[PDB]
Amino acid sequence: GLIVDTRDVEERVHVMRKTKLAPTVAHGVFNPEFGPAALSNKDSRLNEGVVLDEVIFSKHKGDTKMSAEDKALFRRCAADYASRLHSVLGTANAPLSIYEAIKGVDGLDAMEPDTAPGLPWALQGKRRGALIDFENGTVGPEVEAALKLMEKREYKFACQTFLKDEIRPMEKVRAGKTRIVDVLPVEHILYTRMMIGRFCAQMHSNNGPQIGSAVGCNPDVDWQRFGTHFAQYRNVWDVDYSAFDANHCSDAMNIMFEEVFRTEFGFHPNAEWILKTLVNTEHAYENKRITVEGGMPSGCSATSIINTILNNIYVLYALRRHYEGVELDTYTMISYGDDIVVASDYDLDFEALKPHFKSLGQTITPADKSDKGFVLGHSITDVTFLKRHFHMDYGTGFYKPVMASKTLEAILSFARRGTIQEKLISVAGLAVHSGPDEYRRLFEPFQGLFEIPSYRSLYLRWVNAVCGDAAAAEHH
């Protein structure tokens, strides 16, 4: 987005310095070109002259203003996608109760009891457990009061900037490209869930190419569903954005919120309002208060959904701005936030769509190098989605989500202290699709030190998960 104002204030907002990630026994074996991101300016493995503060906020270069003709086209595309979206999901989008927003419903997980409250509760030394009761699903005196200000549409807030403690490629570690988590006030998260949580639960349950959303999918079981769908198209594209959510211009965001979250689709009028508060935001980093116009904060309860919705509208927009007579059935797509796979039987020229995406402030490049740009004739077994390839399991004839071995090596190389055994069981479920030989090699350093699930047990778990009938018929 656009940094419009930078102010220095009395209160200092401390950020999480020093990593919680420590190397494992696997690190010495795989030696990954990876490591924990820089969390302080004094971290010795940074490049010289790199000021972490200017780099973590360098992603704000934009807020691209759209022309009147482009804005009207964006509205038609947002209306057309919303029309499809609410045709599949339905119009049961009434506000969640305070109780249901905290405890969750079917398709929507419960709110995290101790994960940071936001501002100004962090300055006041209050944790989430003090402001809200999470077992009984009730609210304290201040959250209750903040909800009133939101109903009246006068509520204001600040986003708390957190440095994301995560494994990053060493090249990005040295460059100081630490990602940030924009922590929003817990009451704002509560209210957003109240306003659109019902909608969110319905998208999770109805995930798939029809609504263009993979949010809430289970890759183990769903890769067969997604794989078989995209396999019947002549052309498949793996499209990468550079800084997707940072570059959502305010014009795109505003029109989207207006078209998708209308009262005529069963929404409370404040659904549009609360979402619109994400457009122009104030961010608190140490002593600095940075006002940003445009872009999406990662702290909102529905960031993945919003990004996914925008991703769908963007593709419809860029195709309509280039070709004539483009409709929703001209192509098919699946997205999870910025991650995207597009397919069509038409020989669509994705290379010429570049300046049409640029009009939204977004930069599209092919995932597979700069192969003289975008090319035709690629299939779903050539693309990547959610860091997983589409490979055929020769024993069942089902598509399986296969992660690159280098990524699995990197994931197994670091862990938070005391979580290593739990992490191994989790990663084993990801690594089983790499085959028995590769699965064995990845977990060799942990042998004797931790329980490692047998390849066999995880394969048999997968077969039943993807198709119960197939596992049942196996015992013919």
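In this text, residue numbers run from 1 along the sequence as written.
Averaged over CA atoms, B-factors in the entry run higher in 45 to 53 than in the other of 45 to 53 and 434 to 442. For the segment pair 143 to 151 and 393 to 401, the entry gives 143 to 151 the higher mean B-factor, averaged over Cα atoms. Going by the entry's values, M111 shows the largest Cα B-factor out of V239, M111, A302, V88. Per the deposited coordinates, the residue with the largest Cα temperature factor out of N247, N254, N287, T330 is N287. Among the modelled residues of its chain, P209 has a C-alpha B-factor that falls in the lowest third, as given in the PDB entry.
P219 sits in the lowest third of its chain by CA B factor, as recorded in the PDB entry. Among all modelled residues in this chain, the alpha-carbon of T308 has a temperature factor (C-alpha) in the lowest third.
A465 sits in the middle third of its chain by CA B factor, as recorded in the PDB entry. Among the modelled residues of its chain, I132 has a C-alpha B-factor that falls in the highest third according to the deposited record.
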